[PDB]
Amino acid sequence: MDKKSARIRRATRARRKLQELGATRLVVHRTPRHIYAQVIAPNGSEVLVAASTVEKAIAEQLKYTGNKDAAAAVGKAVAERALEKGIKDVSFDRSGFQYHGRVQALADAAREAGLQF
Amino acid sequence: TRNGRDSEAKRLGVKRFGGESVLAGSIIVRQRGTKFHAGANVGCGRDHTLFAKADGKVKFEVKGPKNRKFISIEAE
Amino acid sequence: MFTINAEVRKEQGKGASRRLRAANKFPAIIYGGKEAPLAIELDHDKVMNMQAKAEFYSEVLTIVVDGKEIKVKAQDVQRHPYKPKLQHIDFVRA
Amino acid sequence: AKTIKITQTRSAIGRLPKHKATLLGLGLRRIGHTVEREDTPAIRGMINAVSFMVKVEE
Amino acid sequence: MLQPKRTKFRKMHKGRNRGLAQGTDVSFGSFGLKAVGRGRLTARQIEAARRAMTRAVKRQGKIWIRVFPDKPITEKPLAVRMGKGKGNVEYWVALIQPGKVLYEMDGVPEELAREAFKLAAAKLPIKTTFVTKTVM
RNA sequence: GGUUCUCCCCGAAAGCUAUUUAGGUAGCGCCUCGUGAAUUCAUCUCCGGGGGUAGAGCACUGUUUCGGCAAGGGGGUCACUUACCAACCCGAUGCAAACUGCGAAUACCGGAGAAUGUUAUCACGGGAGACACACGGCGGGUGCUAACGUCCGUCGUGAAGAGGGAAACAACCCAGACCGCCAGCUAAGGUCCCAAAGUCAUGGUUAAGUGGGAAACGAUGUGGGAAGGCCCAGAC
RNA sequence: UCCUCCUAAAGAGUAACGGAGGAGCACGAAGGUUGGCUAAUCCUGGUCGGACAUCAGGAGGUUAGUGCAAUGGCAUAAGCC
RNA sequence: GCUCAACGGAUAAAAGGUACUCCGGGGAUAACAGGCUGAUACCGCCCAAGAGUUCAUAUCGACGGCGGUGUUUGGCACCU
RNA sequence: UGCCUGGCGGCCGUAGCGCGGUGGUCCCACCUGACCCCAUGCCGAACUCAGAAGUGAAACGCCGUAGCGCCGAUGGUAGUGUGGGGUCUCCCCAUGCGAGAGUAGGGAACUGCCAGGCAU
Ligand SMILES: [Mg+2]
Ligand SMILES: [Mg+2]
Ligand SMILES: [Mg+2]
Ligand SMILES: [Mg+2]
Ligand SMILES: [Mg+2]
Ligand SMILES: [Mg+2]
Ligand SMILES: [Mg+2]
Ligand SMILES: [Mg+2]
Ligand SMILES: [Mg+2]
Ligand SMILES: [Mg+2]
Ligand SMILES: [Mg+2]
Ligand SMILES: [Mg+2]
Ligand SMILES: [Mg+2]
Ligand SMILES: [Mg+2]
Ligand SMILES: [Mg+2]
Ligand SMILES: [Mg+2]
Ligand SMILES: [Mg+2]
Ligand SMILES: [Mg+2]
Ligand SMILES: [Mg+2]
Ligand SMILES: [Mg+2]
Ligand SMILES: [Mg+2]
Ligand SMILES: [Mg+2]
Ligand SMILES: [Mg+2]
Ligand SMILES: [Mg+2]
Ligand SMILES: [Mg+2]
Ligand SMILES: [Mg+2]
Ligand SMILES: [Mg+2]
Ligand SMILES: [Mg+2]
Ligand SMILES: [Mg+2]
Ligand SMILES: [Mg+2]
Ligand SMILES: [Mg+2]
Ligand SMILES: [Mg+2]
Ligand SMILES: [Mg+2]
Ligand SMILES: [Mg+2]
Ligand SMILES: [Mg+2]
Ligand SMILES: [Mg+2]
Ligand SMILES: [Mg+2]
């Protein structure tokens with residue numbers, strides 16, 4: 001299995017469970033250069049809020065978009081953006097990535113900024 | 001060698017069909033494996049018995065990339 | 001050049017088709033191209049004799065239906081399980 | 001609805017349970033018995049199940 | 001004499017023999033011998049008939065056997081009562097439905113094939129008829 | 001084994017389960033009587049369902065034949081080769097209760113609705129009887145697609161059902177007898193005489209008393225139909 | 001006595017001294033959870049090494065595996081750490 | 001704490017003989033004969049490779065096929 | 001609004017496979033480095049971290065293409081409920097339902113949310 005098909009397999013179980021639970025998930029996507037965060041509604045097809053390093057307002061304050069400091073910036077931003085829209089309780093979907101390093105920097109910052117999970 | 005044996009029948013099968021209104025907890029199908037899978041508001045017991053987790057109507061569907069059979073329960 | 005005389009069928013299904021064959025006729029069908037399929041009925045002895053010449057299965061035939069001429073080719077054929085008889089024919093519009 | 005007349009034309013003896021039950025639903029009690037019923041698909045459906053032993057007049 | 005080399009199971013329900021045949025065209029040879037009646041062909045019958053047609057052509061040309069006796073038939077011997085287990089397999093039959101091409105042949109003149117198939121048919125317990133290849 | 005007066009209403013079972021049980025018995029099913037309760041139940045129509053059966057098919061599991069291709073094995077070398085056998089694979093052809101990349105009719109569960117049906121439904125309670133079934137139809141196992149055989153499923157009838165028909169003939173066809181009639185119409189089945197009703201009408205077939213028992217197979221019996229070969233360049 | 005399949009007639013059930021098999025145990029991990037992983041078979045290459053051990057690539061795609069019979073399941077694995 | 005496995009487990013505890021026999025029952029169930037069946041048997045036929053120096057059918061006939069009888073060996077358990 | 005890309009879903013092969021072409025500013029990918037976070041029953045392959053010298057080779061995406069997969073009628077055929085019938089191991093007739101396979105043919109998916117790059 002190639003890296004990607006392998007990760008999607010790694011992600012399927014947790015997503016079905018969250019789907020079953022009807023949870024609003026904070027979905028993360030990581031790349032060597034960029035990291036992305038999306039709060040998606042239980043229907044699985046609507047993005048309520050989002051943040052990432054490909055948007056200039058965020059990458060502008062960052063040294064390198066593909067590291068842990070950046071991950072902390074993205075996480076903090078989704079949280080804020082999300083809280084301002086009344087969104088508070090979500091579930092973390094690490095999307096087949098280890099709960100670690102960058103993903104965990106993003107998660108920790110998102111919690112820091114009041115997002116509940 | 002000699003034949004002459006069999007076991008008691010286990011009465012597996014569908015207990016509530018499409019459209020039937022059931023109370024939560026009601027067994028919808030007894031099966032040996034997951035011929036049918038648990039969908040929304042339906043649970044899977046240790047012998048793969050599918051049961052209602054909510055009051056409502058039984059609903060059979062076919063879903064996903066493997067064309068699998070799912071039983072769910074619709075509020076009525 | 002084969003010339004087959006046909007009438008359009010007034011019925012369809014198993015009952016009607018067996019009644020045709022008890023009456024020394026047999027059903028057939030014409031399909032292909034833009035027009036709708038045309039269900040027809042044929043004289044058995046006349047087409048039996050015709051199709052005993054290889055030319056039938058490789059030449060452009062003409063079916064005449066209500067004094068209209070349809071140019072076709074034989075496409076498939078169902079024969080009786082064990083008698084020298086025809087049960088049905090597909091023609092494709094040529 | 002519109003009214004039709006239904007007459008039983010053969011015996012019920014020896015018939016399938018479901019047919020007896022269908023005669024009962026029509027209210028036919030015996031050979032020759034004529035009954036006035038409404039012309040609904042539900043009624044036509046019972047006539048149809050036992051059509052071999054009833055005659056309809058419209 | 002034809003027989004399955006091995007089978008999943010030794011014995012078989014009697015079953016029934018309804019329907020028309022599959023494999024009703026001459027698909028390998030030039031001529032065929034076709035069943036017109038319904039019934040069972042035993043392996044010995046199939047063999048007796050194969051011999052006859054093969055004498056008849058002096059082992060010239062080529063012969064195909066479209067049927068295969070894959071149904072085991074059991075019997076209970078004399079002086080045994082009913083029950084006490086299903087009988088023992090004694091022989092093998094093919095189930096025949098109207099329309100089955102039984103044997104095919106080619107590499108010989110039609111006249112000789114008809115003769116050979118005539119000799120063979122006299123060995124069989126079901127009426128048959130002579131058939132030919134057909135374009136389509 | 002036998003069990004004694006009369007009339008009326010309803011009306012089974014010969015199945016499951018358990019049984020030192022198997023021709024006994026018990027619970028349940030099925031009968032009856034009473035009390036109570038729902039639009040309770042049945043048929044049909046429309047609506048919502050799951051099927052893996054008939055049939056089919058051959059990707060799967062097995063089996064099967066023909067052709068191509070082919071590792072491998074058997075034989076000869078003193079590594080190479082033989083008219084041998086050859087799985088897999090490709091193309092073609094079948095078979096399957098314990099095969100399914102397909103798949104009905106029906107049947108069954110559920111919703112809603114009318115008509116009909118003496119509540120036909122469910123609950124509780126008083127009384128049981130019954131747990132040897134038979135034949136016939138359909139779908140099967142067993143047997144020999146033997147048995148007036150045997151074992152299940154499902155319907156019918158007998159059982160516990162008279163009357164008409166099948167010569168006679170529980171179980172097949174028609175049909176369900178409250179009583180009386182020296183009226184009438186029909187069902188299956190029939191209409192020359194025994195014997196109630198056509199020696200009916202019309203078009204054909206048969207010449208065998210076929211009809212009114214029996215297969216492979218044999219044959220210038222005879223009727224209908226569509227084609228073909230040879231032929232006044234003289235065919236048979 | 002018990003389990004699996006067929007007979008069993010596409011809901012349940014359904015008989016015969018009908019057709020085939022199995023159980024009367026195992027496991028403190030072979031249970032729980034988190035995290036991860038993915039068979040069989042064949043072709044080619046490779047010390048000893050052979051038809052078959054372990055190594056590499058390719059085809060393949062669950063035909064493997066499941067403590068054990070059969071059937072139904074199983075990749076989100078129920079399989080393997 | 002029972003392989004009470006005859007597994008809803010009669011007792012904690014149990015094998016045989018009867019041609020010396022006996023009672024209650026059954027044609028619910030065997031032996032004779034009848035009946036149903038006809039695999040088996042018996043009799044006949046269909047095909048014809050082959051035997052018969054030559055030649056299938058004078059006399060026979062392999063591999064297979066279809067029947068008749070009720071008639072042997074059996075099946076069934078309908079009558080007693 | 002238009003093209004392009006990423007993410008998350010609907011749908012579950014008319015949507016897949018193959019073959020040919022094609023893309024790197026952006027995105028994606030490979031990639032660079034690895035003491036360290038973290039990892040290998042060995043291995044920085046994978047997981048992971050710090051990055052940006054190189055390349056779209058592979059992968060991925062897009063466009064094309066009927067070798068295959070897939071979908072697929074009409075008509076006939078098989079079966080079958082009910083009623084009737086025959087020469088009743090099997091069939092036929094009336095009526096209703098009506099496959100499977102095959103044939104013609106279709107087919108190189110469709111679609112929503114958010115974000116990024118580009119252009120008018
Ligand atoms: Mg019909
Ligand atoms: Mg009464
Ligand atoms: Mg006891
Ligand atoms: Mg419906
Ligand atoms: Mg079948
Ligand atoms: Mg071959
Ligand atoms: Mg009661
Ligand atoms: Mg008893
Ligand atoms: Mg009994
Ligand atoms: Mg019985
Ligand atoms: Mg009997
Ligand atoms: Mg009695
Ligand atoms: Mg009389
Ligand atoms: Mg009365
Ligand atoms: Mg008279
Ligand atoms: Mg006579
Ligand atoms: Mg069932
Ligand atoms: Mg059923
Ligand atoms: Mg385990
Ligand atoms: Mg996990
Ligand atoms: Mg090797
Ligand atoms: Mg017991
Ligand atoms: Mg003595
Ligand atoms: Mg003495
Ligand atoms: Mg005595
Ligand atoms: Mg007796
Ligand atoms: Mg006797
Ligand atoms: Mg008996
Ligand atoms: Mg007597
Ligand atoms: Mg790397
Ligand atoms: Mg490239
Ligand atoms: Mg096209
Ligand atoms: Mg249709
Ligand atoms: Mg369909
Ligand atoms: Mg179709
Ligand atoms: Mg198809
Ligand atoms: Mg945009």
Side-chain angles (χ1 to χ4, degrees), chain A residues 2-3 9-10 12-13 16 27 29 31 36 38 40 43-47 50 52 54-55 64 66-67 98 100-101, chain B residues 3-4 7 9 11 13-14 16-20 31-35 48 58 60 64-65 67, chain C residues 12 14-15 17 27-29 31-32 37 39 45 49 75-76 78 87-88 90 92, chain D residues 11 13-14 16-18 21-22 24-27 37-38 40-43 45-46 49 52, chain E residues 4 7-9 11-19 22-23 27-28 38 44-45 47-49 51-52 55 64-68 70 75-76 78-79 81-86 119 122-125:
Chain A
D2 63 88
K3 292 167 59 155
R9 174 177 54 67
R10 285 200 288 281
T12 290
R13 191 172 193 102
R16 297 286 182 277
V27 180
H29 187 70
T31 264
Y36 309 81
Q38 302 174 297
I40 298 173
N43 62 34
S45 278
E46 305 184 26
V47 178
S52 69
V54 295
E55 41 182 87
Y64 182 68
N67 66 7
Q98 278 304 295
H100 173 85
Chain B
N3 298 328
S7 66
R11 281 88 177 155
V14 170
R16 301 299 208 270
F17 298 80
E20 288 212 37
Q31 51 181 358
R32 211 64 78 62
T34 59
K35 310 176 79 118
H48 305 112
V58 175
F60 292 76
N67 297 340
Chain C
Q12 86 78 51
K14 155 153 48 172
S17 307
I29 186 70
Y31 49 83
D45 303 334
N49 291 339
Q75 170 72 11
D76 215 326
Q78 309 184 358
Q87 301 283 99
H88 185 269
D90 291 28
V92 59
Chain D
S11 174
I13 299 169
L16 297 177
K18 248 186 237 202
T22 286
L24 174 129
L26 286 173
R37 298 298 174 234
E38 50 171 7
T40 59
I43 291 273
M46 302 197 262
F52 62 87
Chain E
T7 64
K8 205 162 37 151
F9 298 108
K11 299 184 184 179
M12 204 185 273
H13 281 170
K14 199 190 302 306
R16 302 290 187 272
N17 189 30
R18 294 189 56 189
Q22 310 286 325
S27 330
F28 302 101
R38 185 183 303 286
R44 294 178 182 276
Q45 279 156 8
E47 242 292 304
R51 288 183 195 167
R55 263 296 285 195
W64 289 262
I65 296 184
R66 303 275 312 273
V67 291
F68 193 93
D70 59 352
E75 295 180 344
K76 280 179 134 48
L78 289 186
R81 302 177 281 200
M82 299 284 103
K84 318 292 190 195
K86 179 173 180 83
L119 294 166
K123 309 302 184 186
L124 303 180

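Protein chains get the first letters and strands the later ones, always in sequence-line order, with residue 1 at the start of each.
Atom CG in E/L78 sits roughly 12 Å away from atom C1' in F/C144 (whole-Å rounding).
G/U33 and G/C27 have their P atoms separated by 22 Å, given to the nearest Å. G/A15 and F/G15 are spaced 13 Å apart, taking the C1' atom of each and rounding to whole Å. H/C46 and H/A62: their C1' atoms are spaced 16 Å apart (whole Å).
In this structure, H/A19 forms no base pair with any nucleotide, since neither Watson-Crick nor G-U wobble geometry is met with both distances under 3.5 Å. Searching all strands for a Watson-Crick or G-U wobble partner of I/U32 with both distances below 3.5 Å returns I/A50. Across the strands present, H/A6 finds no partner; the criterion is a Watson-Crick or G-U wobble pair with both atom distances under 3.5 angstrom.
Base pair annotation for F/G158 with F/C122: unpaired, by the Watson-Crick or G-U wobble rule (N1-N3 plus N6-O4 or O6-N4, or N1-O2 plus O6-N3, under 3.5 Å).
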Letter by letter from the 5' end, nucleotides 71-78 of chain G scores (B base, S sugar-phosphate only, - none; protein heavy atoms under 4.0 Å) BBSSSBSB
Given protein heavy atoms under 4.0 Å, the one-letter contact record of nucleotides 109-122 of chain F, with B base, S sugar-phosphate only and - none, is simply BS--BBBBBS----
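Closest approach to the E/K11 side chain among F/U145, F/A227, G/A20 is made by G/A20 (side chain taken as heavy atoms from C-beta onward).
In terms of the side chain to side chain contact (heavy atoms under 4.5 Å, CB included) criterion, residue partners of D/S11 (sequence neighbours excluded) are, by chain and number, D/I13, D/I31. Looking at residues two or more places apart in sequence or on another chain, you find a side chain to side chain donor-acceptor pair (under 3.5 Å) between E/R51 and E/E47. Residues passing the side chain to side chain donor-acceptor pair (under 3.5 Å) test with C/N49, sequence neighbours excluded: none.
Chain D approaches RNA chain I over the interval I/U82 to I/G83, counting the first and last nucleotide 5' to 3' with an atom under 4.0 Å from its heavy atoms.
The distance from the NE2 atom of E/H13 to the NZ atom of E/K86 is 7.0 Å, given to the nearest 0.5 Å.
If C/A28 and E/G19 are placed on RNA chain I by their nearest nucleotide, the residue sitting closer to the 5' end is C/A28. Comparing E/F9 and B/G13 against RNA chain G, the residue whose closest nucleotide sits nearer the 5' end is B/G13.
Residue-level contact check: C/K14 touches the bases, meaning some heavy atom is under 4.0 Å from a base atom.
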